[PDB]
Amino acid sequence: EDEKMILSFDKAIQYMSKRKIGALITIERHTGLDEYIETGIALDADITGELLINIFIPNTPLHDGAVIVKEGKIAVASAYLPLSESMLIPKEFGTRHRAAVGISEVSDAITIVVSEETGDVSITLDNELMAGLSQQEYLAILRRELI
């Protein structure tokens, strides 16, 4: 039932992709994101699509940094992630994409970005940034990498 979380992610992502609402969600796997989690605002909150949409409503106190998911919970919102210095990044991509890449360099975390500019959905994992994702594409990557 790690699927319930994936369908909650799916609700949130569909809503924000269509409306070009920027979103940054890192999911902890084996590498502890402890030192990054303690830079954010504590939520320790149950995962629902509704909560994820509300966090990322633009011009709100929680929309800016990273949501970090750990166990079954939203641990924090507005967490600071390491920003990638990689010169291999296509530059059309913003701070959310540099956060996504930068946390993938130091961990095995899986990060979802919704572009604030285009509503383009991205997953980052193992330095690989996978932009331009459709619904069935992001749902399969997430299911594959989280069961």
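Heads up: residue numbers just count along the shown sequence, starting at 1.
The PDB entry reports B-factors from which the mean C-alpha value can be compared for 85-93 and 111-119; the larger average falls on 85-93.
Residue 12: CA B factor lies in the middle third for its chain, per the PDB record. Ranked by C-alpha B-factor against the other modelled residues of its chain, residue 46 falls in the lowest third. Residue 28: CA B factor lies in the lowest third for its chain, per the PDB record.
Residue 21: CA B factor in the lowest third of modelled residues in this chain (values from the PDB entry). Ranked by Cα temperature factor within the chain, residue 104 sits in the highest third according to the deposited record.
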